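Undergrad: Residue numbers (the authors' numbering), protein chains in the order written: chain C, 1 to 114; chain A, 1 to 114; chain B, 1 to 114; chain D, 1 to 114.
Let me begin by handing over the structure; questions about it come next.
Protein chains: 4
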Amino acid sequence: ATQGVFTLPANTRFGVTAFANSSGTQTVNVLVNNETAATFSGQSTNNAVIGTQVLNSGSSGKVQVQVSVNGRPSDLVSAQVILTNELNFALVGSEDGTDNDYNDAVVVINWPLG
Amino acid sequence: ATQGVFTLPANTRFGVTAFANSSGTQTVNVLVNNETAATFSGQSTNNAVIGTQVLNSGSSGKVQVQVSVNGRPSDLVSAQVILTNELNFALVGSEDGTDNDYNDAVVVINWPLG
Amino acid sequence: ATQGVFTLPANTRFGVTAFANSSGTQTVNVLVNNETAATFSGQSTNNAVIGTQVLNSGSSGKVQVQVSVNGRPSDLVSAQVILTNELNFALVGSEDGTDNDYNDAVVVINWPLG
Amino acid sequence: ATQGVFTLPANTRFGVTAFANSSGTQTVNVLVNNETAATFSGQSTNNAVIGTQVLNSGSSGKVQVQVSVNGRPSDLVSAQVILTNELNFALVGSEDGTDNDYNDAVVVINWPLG
Ligand SMILES: CC(=O)N[C@H]1[C@H](O[C@H]2[C@@H](O)[C@@H](CO)O[C@@H](O[C@H]3[C@H](O[C@@H]4O[C@@H](C)[C@@H](O)[C@@H](O)[C@@H]4O)[C@@H](O)[C@H](O)O[C@@H]3CO)[C@@H]2O)O[C@H](CO)[C@@H](O[C@@H]2O[C@H](CO)[C@H](O)[C@H](O)[C@H]2O)[C@@H]1O
Ligand SMILES: CC(=O)N[C@H]1[C@H](O[C@H]2[C@@H](O)[C@@H](CO)O[C@@H](O[C@H]3[C@H](O[C@@H]4O[C@@H](C)[C@@H](O)[C@@H](O)[C@@H]4O)[C@@H](O)[C@H](O)O[C@@H]3CO)[C@@H]2O)O[C@H](CO)[C@@H](O[C@@H]2O[C@H](CO)[C@H](O)[C@H](O)[C@H]2O)[C@@H]1O
Ligand SMILES: CC(=O)N[C@H]1[C@H](O[C@H]2[C@@H](O)[C@@H](CO)O[C@@H](O[C@H]3[C@H](O[C@@H]4O[C@@H](C)[C@@H](O)[C@@H](O)[C@@H]4O)[C@@H](O)[C@H](O)O[C@@H]3CO)[C@@H]2O)O[C@H](CO)[C@@H](O)[C@@H]1O
Ligand SMILES: C[C@@H]1O[C@@H](O[C@@H]2[C@@H](O)[C@H](O)O[C@H](CO)[C@H]2O[C@@H]2O[C@H](CO)[C@H](O)[C@H](O)[C@H]2O)[C@@H](O)[C@H](O)[C@@H]1O
Ligand SMILES: [Ca+2]
Ligand SMILES: [Ca+2]
Ligand SMILES: [Ca+2]
Ligand SMILES: [Ca+2]
Ligand SMILES: [Ca+2]
Ligand SMILES: [Ca+2]
Ligand SMILES: [Ca+2]
Ligand SMILES: [Ca+2]
């Protein structure tokens, strides 16, 4: 199935934060309405934050996360979970290698903000 | 129900990260096997990452998150989600006020690392 | 925090299924737009299905699950999970006793159908 | 990523329930320790419960869901959710066609029971 694609409410600010757990430099691209809105880059094996930003979901609300490492797209796993009918998490894990730990870049999207 | 309590695998490193979305200064306490292991604080209405840390779950794997604002416990919501039977997120929201956005402090725990 | 309340897309059919795991007879009510839409009751300690129905979320999309045992409201815990940005689960557990298993009535809502 | 594979606690009873939403007849197989322990088949476009069963995770705890339509495997999506650190849902959707609704067979596993 497609992974890393989420429909947010329109015109809504959301947070996006990425963590790295890999020897490879992770490049995380966040696309809003099909256009690149943020790009994070970094390397850690200790869950460092490699980027955080606040974005607006725009007219459609479409948000897509993509991850690549040494020019190759990582395999993604994702889900959205909603707590108390209010608090939304869009979660992505990614795998750049052969161990299927799926933590190589971890991306958390959360809304609402404020 | 009790919220903000998670059983992790024993002797496992995990990340804990907190975000703020409130006019009130948030204080986030992270307990591991019933003793404080990390404390984060800050004040933002734009999702600032007020703290992030790597901890070890220790022998019994018990991790608890508590949130307070001006000495008053916040009401918590939480859940754990597991992707591809590998990648774990323990999620907490909290409410310090009257609007029930539950984002006033948001805490994300992730494992495994590395 | 409020539990067992979910906002569905309007005019959408959804399934609701309830299971029992308790010595007490479980009464499960499903409200749509603040009005009773379905009621199930039964008793099992081995996960029997005590009710299943297809409902329409109607003009409001507002769905609430309530659980009680002989006039005593059970404590609920709930969350919504979305897979591949398409497949939705609204999940409820409930506790009628002292063991905090939260399985005494379990309610699963899923959409879309068809 | 692998989907539909879950690690349960050993020697633990769990419920498994399957729903259908497709013109095609769904075949759902639930494997415990790599052998089929339950099978359900049926056709519905209205979320029929094509089967429910209580199984034991046995000595290994590995549980796998497979879905096919006249022998053709369906693509799966899955996740596990844990509420109040005690109530577990393992969730599966599947796609047999071209519309990406992922509801063609839906499988929910819950534990603990009793
Ligand atoms: C009927 C039965 O199962 N008897 C068991 C006894 O079971 C208890 C135990 O399950 C407790 C857990 O809190 O709950 C008692 O029931 C209370 C109700 O709880 C609900 O139903 C339960 C069955 C659980 O599903 C629970 O999660 C639910 O919340 C509650 O709603 C109600 O208001 O009050 C009830 C109590 O009045 C339930 O009776 O457990 C004992 C100890 O395990 C069993 O005794 C043991 O039996 C084994 C054989 O299996 C053996 O004989 C052993 O020596 C003996 O101690 C008893 O059979
Ligand atoms: C039988 C039926 O429902 N006929 C409908 C027609 O429905 C389509 C549509 O649902 C597509 C979606 O991809 O799938 C067709 O079935 C395919 C199988 O898909 C599975 O079953 C489906 C019912 C869905 O659940 C889907 O999610 C499943 O994956 C697939 O497994 C198989 O390999 O191939 C199948 C054929 O492609 C299904 O037939 O939809 C049309 C258009 O909406 C309906 O026609 C409209 O009917 C209304 C009245 O309701 C009115 O008459 C209107 O004018 C007319 O266009 C048709 O009745
Ligand atoms: C003074 C100001 O900025 N006014 C804008 C107003 O802001 C409100 C509104 O957000 C309400 C929502 O309940 O909360 C008030 O703040 C609370 C505070 O709530 C916390 O902080 C908020 C910013 C928000 O994040 C809440 O979710 C959070 O719980 C409480 O903690 C505190 O005890 O009491 C204060 C005061 O009541 C905000 O001041 O929002 C509107 C709507 O956008 C704007 O028009 C105002 O300019
Ligand atoms: C540290 C390690 O990084 C990543 O794996 C890399 C991979 O991206 C790259 O292409 O190739 C190397 C060498 O094989 C990988 O590193 C090894 O990964 C092993 C596990 O598969 C093991 O961790 C070795 O210690 C590494 O040298 C990640 O995909 C991996 O999860 C892990 O974080
Ligand atoms: Ca990896
Ligand atoms: Ca890794
Ligand atoms: Ca608030
Ligand atoms: Ca807030
Ligand atoms: Ca109970
Ligand atoms: Ca019970
Ligand atoms: Ca389909
Ligand atoms: Ca379908």
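Every residue gets a Cβ at the ideal spot worked out from N, C-alpha and C, and that includes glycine.
Please report the Cβ distance between residue 77 of chain D and residue 84 of chain B, rounded to the nearest whole angstrom; I am assuming they are in contact, meaning their Cβ atoms lie under 8 angstroms.
TA: Within the fourth sequence, residue 77 of chain D is the residue found at index 77, counting from 1. Within the third sequence, residue 84 of chain B is the residue found at index 84, counting from 1. 5 angstroms between Cβ atoms; contact.
Undergrad: When you compare each of D:2, D:111, D:12 to residue 61 of chain D by their alpha carbons, which one comes out closest?
TA: In the fourth sequence, counting from the first residue as 1, residue 61 of chain D sits at position 61. Residue D:12 is the option with its Cα nearest to residue 61 of chain D.
Undergrad: Which residues in chain B have a C-beta closer than 9 angstroms to the C-beta of residue 20 of chain C? List them in chain order.
TA: Within the first sequence, residue 20 of chain C is the residue found at index 20, counting from 1. Residues of chain B passing the Cβ test: none, with the nearest at roughly 25 angstroms.
Undergrad: Given 7 angstroms as the limit, tell me if residue 23 of chain C has its C-beta closer than that to any heavy atom belonging to ligand 2.
TA: Locating residue 23 of chain C in the first sequence gives position 23, where the first residue counts as 1. Checking every heavy atom of ligand 2 against the Cβ of residue 23 of chain C, none is found closer than 7 angstroms.
Undergrad: Note down the Cα distance separating residue 100 of chain D from residue 15 of chain A, rounded to an integer number of angstroms.
TA: As a first step, residue 100 of chain D must be located in the fourth sequence, where it is residue number 100. As a first step, residue 15 of chain A must be located in the second sequence, where it is residue number 15. Rounded to the nearest angstrom, the two C-alpha atoms are 34 angstroms apart.
Undergrad: Given a threshold of 16 other Cβ atoms within 10 Å of its Cβ, counted over all protein chains shown, does residue 45 of chain C qualify as buried or as exposed?
TA: Looking up residue 45 of chain C in the first sequence gives position 45. Residue 45 of chain C is exposed by the Cβ-count criterion.
Undergrad: Identify the continuous beta strand (DSSP E) that holds residue 94 of chain C and give its terminal residues.
TA: Here residue 94 of chain C refers to the residue found at position 94 of the first sequence. Unbroken beta strand (DSSP E) run through residue 94 of chain C: 87-95.
Undergrad: With DSSP as the reference, label residue 45 of chain D as helix, strand or coil.
TA: In the fourth sequence, the residue the question calls residue 45 of chain D occupies position 45. Correct three-state label for residue 45 of chain D: strand.
Undergrad: For residue 2 of chain A, name the three-state secondary structure that DSSP assigns.
TA: By 1-based counting over the second sequence, the position of residue 2 of chain A is 2. Three-state DSSP puts residue 2 of chain A in coil, outside helix and strand.
Undergrad: Between the alpha carbons of residue 27 of chain D and residue 17 of chain A, how many angstroms are there, rounded?
TA: The count along the fourth sequence starts at 1 and reaches residue 27 of chain D at position 27. The count along the second sequence starts at 1 and reaches residue 17 of chain A at position 17. Rounded to the nearest angstrom, the two C-alpha atoms are 42 angstroms apart.
Undergrad: CA-CA distance, residue 96 of chain C and residue 88 of chain D?
TA: Taking the first sequence and counting its residues from 1, one reaches residue 96 of chain C at position 96. Taking the fourth sequence and counting its residues from 1, one reaches residue 88 of chain D at position 88. Cα-Cα distance, rounded: 29 angstroms.
Undergrad: For residue 51 of chain D, which of helix, strand or coil comes out of DSSP?
TA: For the purposes of this step, residue 51 of chain D is identified with residue 51 of the fourth sequence, where counting begins at 1. Looking at residue 51 of chain D - three-state DSSP - the assignment turns out to be strand.
Undergrad: Starting from residue 31 of chain C, trace the beta strand (DSSP E) both ways and give me its first and last residue.
TA: For the purposes of this step, residue 31 of chain C is taken as the residue at position 31 of the first sequence. Segment 13-32, the beta strand (DSSP E) holding residue 31 of chain C.
Undergrad: Can you confirm whether residue 105 of chain A, when its beta carbon is compared against all beta carbons of chain B, has any partner nearer than 8 angstroms?
TA: To locate residue 105 of chain A, count along the second sequence from 1; it is residue 105. No, residue 105 of chain A lies away from the interface with chain B (no Cβ there is under 8 angstroms from its Cβ).
Undergrad: To the nearest angstrom, report how far apart residue 53 of chain B and residue 90 of chain B are at their CA atoms.
TA: Numbered from its first residue, the third sequence carries residue 53 of chain B at position 53. Numbered from its first residue, the third sequence carries residue 90 of chain B at position 90. Roughly 15 angstroms between the two C-alpha positions.
Undergrad: Would you list the one or two residues that DSSP bridges to residue 110 of chain D?
TA: As a working note, residue 110 of chain D is residue 110 in the fourth sequence. Answer by DSSP bridge pairing, in chain order: D:15, D:89.
Undergrad: With hydrogens ignored, establish whether the beta-carbon of residue 70 of chain C is closer than 7 angstroms to any heavy atom of ligand 6.
TA: Here the question's residue 70 of chain C lines up with position 70 in the first sequence. Because no heavy atom of ligand 6 lies under 7 angstroms away, the Cβ of residue 70 of chain C does not count as near it: no.
Undergrad: Comparing the C-beta of residue 52 of chain A with each C-beta of chain D, is any distance below 8 angstroms?
TA: Counting from 1 along the second sequence, the entry for residue 52 of chain A is found at position 52. Not one chain D Cβ lies under 8 angstroms of residue 52 of chain A.
Undergrad: Do residue 8 of chain D and residue 59 of chain D count as a contact pair if the criterion is CB distance below 8 angstroms?
TA: As a first step, residue 59 of chain D must be located in the fourth sequence, where it is residue number 59. As a first step, residue 8 of chain D must be located in the fourth sequence, where it is residue number 8. Their beta carbons are not under 8 angstroms apart, which means residue 59 of chain D does not touch residue 8 of chain D by this criterion.
Undergrad: Within 7 angstroms: the Cβ of residue 98 of chain D and any heavy atom of ligand 2?
TA: By 1-based counting over the fourth sequence, the position of residue 98 of chain D is 98. Yes, the beta carbon of residue 98 of chain D sits closer than 7 angstroms to at least one heavy atom of ligand 2.
Undergrad: Give the range of the beta strand (DSSP E) segment to which residue 104 of chain A is assigned.
TA: To locate residue 104 of chain A, count along the second sequence from 1; it is residue 104. Residue 104 of chain A -> no beta strand (DSSP E), and no H or E assigned at all.
Undergrad: Is the closest heavy atom of ligand 11 to the C-beta of residue 104 of chain D under 7 angstroms?
TA: Translated into the one-based positions of the fourth sequence, residue 104 of chain D becomes position 104. Residue 104 of chain D: yes, Cβ under 7 angstroms from ligand 11.
Undergrad: For ligand 4, is there a heavy atom less than 7 angstroms away from the beta-carbon of residue 114 of chain A?
TA: Counted from its first residue, the second sequence places residue 114 of chain A at position 114. The answer is yes for residue 114 of chain A.
Undergrad: Check this for me: beta carbons of residue 21 of chain A and residue 42 of chain C, under 8 angstroms apart or not?
TA: Position 21 of the second sequence, counted from the start, is the residue given in the question as residue 21 of chain A. Position 42 of the first sequence, counted from the start, is the residue given in the question as residue 42 of chain C. Going by C-beta atoms, residue 21 of chain A is not nearer than 8 angstroms to residue 42 of chain C.
Undergrad: Check whether chain A comes within 8 angstroms of residue 75 of chain B, counting only Cβ atoms and requiring the distance to be less than that.
TA: Walking along the third sequence from the start, residue 75 of chain B turns up at place 75. Interface residue, yes.
Undergrad: When the Cα of residue 105 of chain B is compared with those of D:73, D:112, D:39, which residue comes out closest?
TA: Position 105 of the third sequence, counted from the start, is the residue given in the question as residue 105 of chain B. Nearest of D:73, D:112, D:39 to residue 105 of chain B, Cα basis: D:112.
Undergrad: Could you compute how far the alpha carbon of residue 63 of chain D sits from the alpha carbon of residue 35 of chain D?
TA: Position 63 of the fourth sequence, counting from 1, holds the residue named residue 63 of chain D. Position 35 of the fourth sequence, counting from 1, holds the residue named residue 35 of chain D. Using only the alpha carbons, I get a separation of about 9 angstroms.
Undergrad: Sorry if obvious, but does the Cβ on residue 101 of chain D come closer than 7 angstroms to a heavy atom of ligand 2?
TA: Position 101 of the fourth sequence, counting from 1, holds the residue named residue 101 of chain D. Yes, ligand 2 has a heavy atom inside 7 angstroms of this Cβ.
Undergrad: From the DSSP secondary-structure annotation, give me the bridge partner or partners of residue 56 of chain B.
TA: On the third sequence, residue 56 of chain B is found 56 positions in, with the first residue counted as 1. Answer is B:13.
Undergrad: Would DSSP call residue 84 of chain B helix, strand or coil?
TA: Taking the first residue of the third sequence as position 1, residue 84 of chain B is located at position 84. Of the three classes helix, strand and coil, the one that applies to residue 84 of chain B here is coil, per DSSP.
Undergrad: Check whether the Cβ atoms of residue 79 of chain B and residue 81 of chain C lie closer than 8 angstroms to each other.
TA: In the third sequence, the residue the question calls residue 79 of chain B occupies position 79. In the first sequence, the residue the question calls residue 81 of chain C occupies position 81. Taking 8 angstroms as the Cβ cut-off, residue 79 of chain B and residue 81 of chain C qualify as a contacting pair.
Undergrad: Check this for me: beta carbons of residue 69 of chain A and residue 4 of chain A, under 8 angstroms apart or not?
TA: As a position in the second sequence, residue 69 of chain A is number 69, starting the count at 1. As a position in the second sequence, residue 4 of chain A is number 4, starting the count at 1. Going by C-beta atoms, residue 69 of chain A is not nearer than 8 angstroms to residue 4 of chain A.
Undergrad: Name the two residues that bound the continuous beta strand (DSSP E) containing residue 74 of chain B.
TA: Here residue 74 of chain B refers to the residue found at position 74 of the third sequence. From DSSP, residue 74 of chain B is part of no beta strand (DSSP E); its letter is neither H nor E.
Undergrad: For residue 95 of chain C, is the beta carbon positioned less than 7 angstroms from some heavy atom of ligand 5?
TA: Mapped onto the first sequence, residue 95 of chain C falls at position 95. Correct: residue 95 of chain C has its Cβ closer than 7 angstroms to ligand 5.
Undergrad: Within the 8 angstroms Cβ cut-off, does residue 113 of chain A reach chain C?
TA: Counted from its first residue, the second sequence places residue 113 of chain A at position 113. Yes, residue 113 of chain A lies at the interface with chain C (some Cβ there is under 8 angstroms from its Cβ).
Undergrad: Along chain B, which residues have their Cβ under 7 angstroms away from the Cβ of residue 1 of chain C?
TA: One-based indexing of the first sequence puts residue 1 of chain C at position 1. Under the 7 angstroms cutoff, chain B gives 84.
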